[PDB]
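**Student:** Have a peek at protein.csv (CSV, C-alpha atoms and all ligand atoms).
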```csv
chain,number,residue,atom,x,y,z
A,1316,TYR,CA,6.1,207.0,-109.1
A,1317,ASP,CA,4.8,210.6,-109.6
A,1318,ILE,CA,4.9,212.1,-106.0
A,1319,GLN,CA,2.6,215.0,-107.2
A,1320,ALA,CA,-0.1,212.9,-109.1
A,1321,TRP,CA,-2.4,212.6,-106.1
A,1322,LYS,CA,-3.4,216.3,-106.3
A,1323,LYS,CA,-5.1,216.1,-109.7
A,1324,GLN,CA,-6.5,212.7,-108.8
A,1325,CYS,CA,-8.1,214.3,-105.7
A,1326,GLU,CA,-9.4,217.2,-107.7
A,1327,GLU,CA,-11.1,214.7,-110.2
A,1328,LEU,CA,-12.5,212.7,-107.3
A,1329,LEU,CA,-14.0,215.8,-105.7
A,1330,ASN,CA,-15.5,216.7,-109.1
A,1331,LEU,CA,-17.2,213.2,-109.1
A,1332,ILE,CA,-18.3,213.7,-105.5
A,1333,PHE,CA,-19.8,217.2,-106.3
A,1334,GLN,CA,-21.7,215.6,-109.3
A,1335,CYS,CA,-23.1,212.9,-107.0
A,1336,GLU,CA,-26.6,213.7,-105.6
A,1337,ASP,CA,-25.6,212.0,-102.3
A,1338,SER,CA,-23.1,214.9,-101.7
A,1339,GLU,CA,-25.8,217.5,-101.6
A,1340,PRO,CA,-26.0,217.8,-97.7
A,1341,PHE,CA,-22.2,218.1,-97.5
A,1342,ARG,CA,-21.1,220.5,-100.2
A,1343,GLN,CA,-21.1,223.7,-98.1
A,1344,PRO,CA,-20.5,224.7,-94.4
A,1345,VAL,CA,-23.4,224.5,-92.0
A,1346,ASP,CA,-25.0,227.7,-90.7
A,1347,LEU,CA,-24.7,227.5,-86.9
A,1348,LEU,CA,-27.7,229.9,-86.3
A,1349,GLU,CA,-29.7,227.7,-88.8
A,1350,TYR,CA,-28.6,224.5,-86.9
A,1351,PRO,CA,-28.6,225.5,-83.2
A,1352,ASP,CA,-27.1,222.2,-82.0
A,1353,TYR,CA,-24.2,222.0,-84.4
A,1354,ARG,CA,-22.1,224.4,-82.2
A,1355,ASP,CA,-22.1,222.0,-79.2
A,1356,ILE,CA,-21.6,218.8,-81.2
A,1357,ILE,CA,-19.1,219.6,-84.0
A,1358,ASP,CA,-15.7,220.7,-82.8
A,1359,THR,CA,-14.4,221.1,-86.3
A,1360,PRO,CA,-16.8,221.9,-89.2
A,1361,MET,CA,-15.8,220.4,-92.5
A,1362,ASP,CA,-17.5,220.3,-95.9
A,1363,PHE,CA,-16.5,219.4,-99.5
A,1364,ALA,CA,-16.1,223.0,-100.6
A,1365,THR,CA,-13.6,223.6,-97.8
A,1366,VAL,CA,-11.7,220.5,-98.8
A,1367,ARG,CA,-11.6,221.5,-102.5
A,1368,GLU,CA,-10.6,225.1,-101.5
A,1369,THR,CA,-7.8,223.8,-99.2
A,1370,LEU,CA,-6.5,221.5,-102.0
A,1371,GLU,CA,-6.6,224.3,-104.5
A,1372,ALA,CA,-4.8,226.7,-102.2
A,1373,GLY,CA,-1.9,224.3,-101.9
A,1374,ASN,CA,-2.6,223.7,-98.2
A,1375,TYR,CA,-2.6,219.9,-98.4
A,1376,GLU,CA,0.8,218.3,-98.4
A,1377,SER,CA,-0.4,214.7,-98.8
A,1378,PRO,CA,-3.7,213.0,-99.9
A,1379,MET,CA,-3.7,211.5,-96.4
A,1380,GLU,CA,-4.5,215.0,-95.0
A,1381,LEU,CA,-7.3,215.4,-97.6
A,1382,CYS,CA,-8.6,212.0,-96.6
A,1383,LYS,CA,-8.6,213.0,-92.9
A,1384,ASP,CA,-10.8,216.1,-93.6
A,1385,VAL,CA,-13.2,214.1,-95.8
A,1386,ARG,CA,-13.5,211.5,-93.1
A,1387,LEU,CA,-14.3,214.4,-90.7
A,1388,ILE,CA,-17.2,215.3,-92.9
A,1389,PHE,CA,-18.6,211.8,-92.4
A,1390,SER,CA,-18.0,211.6,-88.6
A,1391,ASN,CA,-19.4,215.1,-88.1
A,1392,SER,CA,-22.7,214.3,-89.9
A,1393,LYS,CA,-22.8,211.0,-87.9
A,1394,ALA,CA,-22.4,212.9,-84.6
A,1395,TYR,CA,-25.2,215.3,-85.5
A,1396,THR,CA,-27.6,212.7,-87.0
A,1397,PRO,CA,-29.8,211.2,-84.2
A,1398,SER,CA,-31.4,208.4,-86.3
A,1399,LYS,CA,-30.9,206.3,-89.4
A,1400,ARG,CA,-34.5,207.2,-90.4
A,1401,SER,CA,-32.7,210.2,-92.1
A,1402,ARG,CA,-32.0,210.8,-95.8
A,1403,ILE,CA,-28.7,212.5,-94.6
A,1404,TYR,CA,-27.2,209.5,-92.8
A,1405,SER,CA,-28.0,207.1,-95.6
A,1406,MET,CA,-26.4,209.6,-98.0
A,1407,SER,CA,-23.3,209.9,-95.8
A,1408,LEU,CA,-22.8,206.1,-95.7
A,1409,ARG,CA,-23.1,205.7,-99.5
A,1410,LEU,CA,-20.9,208.7,-100.3
A,1411,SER,CA,-18.3,207.5,-97.7
A,1412,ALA,CA,-18.2,204.1,-99.4
A,1413,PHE,CA,-17.8,205.7,-102.8
A,1414,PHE,CA,-15.0,208.0,-101.5
A,1415,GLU,CA,-13.1,205.2,-99.8
A,1416,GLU,CA,-13.3,202.9,-102.8
A,1417,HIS,CA,-11.8,205.7,-105.0
A,1418,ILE,CA,-9.2,207.2,-102.5
A,1419,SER,CA,-7.6,203.8,-101.7
A,1420,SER,CA,-5.4,203.8,-104.9
A,1421,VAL,CA,-4.6,207.5,-104.5
A,1422,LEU,CA,-3.1,206.8,-101.1
A,1423,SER,CA,-1.4,203.6,-102.3
A,1424,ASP,CA,0.2,205.3,-105.3
A,1425,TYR,CA,1.3,208.3,-103.3
A,1426,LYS,CA,2.9,206.2,-100.5
A,1427,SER,CA,4.8,204.0,-103.1
A,1428,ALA,CA,6.0,207.1,-104.8
A,1429,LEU,CA,7.4,208.4,-101.6
A,1430,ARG,CA,9.0,205.0,-100.8
A,1431,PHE,CA,10.6,205.0,-104.3
A,1432,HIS,CA,11.9,208.5,-103.8
A,1433,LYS,CA,13.6,207.5,-100.5
A,1434,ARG,CA,14.8,204.2,-101.9
A,1501,LIG,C1,-35.9,218.7,-94.1
A,1501,LIG,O1,-35.0,219.8,-94.4
A,1501,LIG,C2,-33.7,219.6,-94.1
A,1501,LIG,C3,-32.7,220.2,-94.9
A,1501,LIG,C4,-31.3,219.9,-94.7
A,1501,LIG,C5,-31.0,219.1,-93.6
A,1501,LIG,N1,-29.6,218.9,-93.3
A,1501,LIG,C6,-29.1,218.5,-92.1
A,1501,LIG,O2,-29.8,218.2,-91.1
A,1501,LIG,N2,-27.7,218.5,-92.0
A,1501,LIG,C7,-26.8,218.6,-93.2
A,1501,LIG,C8,-25.7,217.6,-93.2
A,1501,LIG,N3,-25.1,217.6,-91.8
A,1501,LIG,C9,-23.8,217.9,-91.6
A,1501,LIG,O3,-23.3,217.6,-90.5
A,1501,LIG,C10,-22.9,218.5,-92.6
A,1501,LIG,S1,-21.1,218.0,-92.8
A,1501,LIG,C11,-20.9,219.3,-94.1
A,1501,LIG,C12,-22.0,219.9,-94.4
A,1501,LIG,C13,-23.2,219.6,-93.6
A,1501,LIG,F1,-24.4,220.2,-93.7
A,1501,LIG,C14,-26.0,217.3,-90.8
A,1501,LIG,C15,-27.1,218.4,-90.7
A,1501,LIG,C16,-26.5,219.7,-90.3
A,1501,LIG,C17,-32.0,218.6,-92.8
A,1501,LIG,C18,-33.3,218.8,-93.1
```
Please, can you express the file's structure as structure tokens?
Ligand SMILES: COc1ccc(NC(=O)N2CCN(C(=O)c3sccc3F)C[C@H]2C)cc1
**Tutor:**
Amino acid sequence: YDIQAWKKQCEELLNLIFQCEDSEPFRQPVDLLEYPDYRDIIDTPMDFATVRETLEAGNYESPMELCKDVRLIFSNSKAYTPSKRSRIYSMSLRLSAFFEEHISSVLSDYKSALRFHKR
């Protein structure tokens, strides 16, 4: 029932993600001058380095917030990708699956910890 355990769990999961080849397209922010169209499609840029930075700054209060930003990475790349005949989209789907399979217990454990605390 450790209310704070999620943070190290999320750090370790981001480490796994960064080690994963599938994360390559998503590790750093997009350059808007390099990707002309991104401006008009993505309303909120997000990448894994920003997520890790936010976590390490102490600017996430819950793993749910971290989860929302990670899911934004995946919806952003979906919005911009105009075809499945793309190494990027297939990479997003696989990395998303991996992320969700690992983040599920992190969320569960945090929410039970908060419930226990307010018991
Ligand atoms: C053949 O050479 C290529 C080299 C690279 C690329 N990459 C792309 O097309 N990407 C990168 C992933 N996309 C993203 O939305 C995000 S989300 C956080 C980071 C990020 F980059 C979509 C799009 C901008 C394409 C072709």
**Student:** Work out how far CA of residue 1321 (chain A) is from atom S1 of ligand LIG 1501 (chain A), in Å to one decimal.
**Tutor:**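 Those two atoms sit 23.6 Å apart.
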**Student:** Could you tell me, counting only C-alpha atoms and all ligand atoms, which protein and nucleic acid residues lie no more than 6 Å from ligand LIG 1501 (chain A), written as a list in words?
**Tutor:**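 With only C-alpha atoms and all ligand atoms and a cut-off of 6 Å, ligand LIG 1501 (chain A) is contacted by residues 1340, 1341, 1342, 1343, 1344, 1345, 1361, 1362, 1388, 1391, 1392 and 1395 of chain A.
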**Student:** Counting all atoms listed in the file, what is within 9 Å of region 1332-1337 of chain A, bar same-chain residues fewer than 3 positions away, as a PyMOL selection string?
**Tutor:** chain A and resi 1327-1329+1340-1342+1363-1364+1403+1405-1407+1409-1410+1413-1414
**Student:** Work out how far CA of residue 1430 (chain A) is from CA of residue 1316 (chain A), in Å to one decimal.
**Tutor:**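 Computing it gives 9.0 Å between the two atoms.
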**Student:** Can you pull out every residue within 8 Å of region 1372-1378 of chain A, counting all atoms listed in the file, but drop anything in the same chain fewer than 4 positions away, and send it as a list in words?
**Tutor:**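 Returned residues: residues 1321, 1322, 1325, 1368, 1382, 1421, 1422 and 1425 of chain A.
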**Student:** For residue 1338 (chain A), which of A:1385, A:1324, A:1419, A:1426 is the closest residue, counting only C-alpha atoms?
**Tutor:**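 Checking each candidate against residue 1338 (chain A), we get A:1385 as the closest.
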**Student:** Using all atoms listed in the file, can you tell me which of A:1318, A:1394, A:1418, A:1348 comes closest to residue 1379 (chain A)?
**Tutor:**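 Using all atoms listed in the file, residue 1379 (chain A) sits closest to A:1418.
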**Student:** What is the CA of residue 1428 (chain A)-CA of residue 1317 (chain A) distance in Å, reported with one decimal?
**Tutor:**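 Between CA of residue 1428 (chain A) and CA of residue 1317 (chain A) the gap is 6.1 Å.
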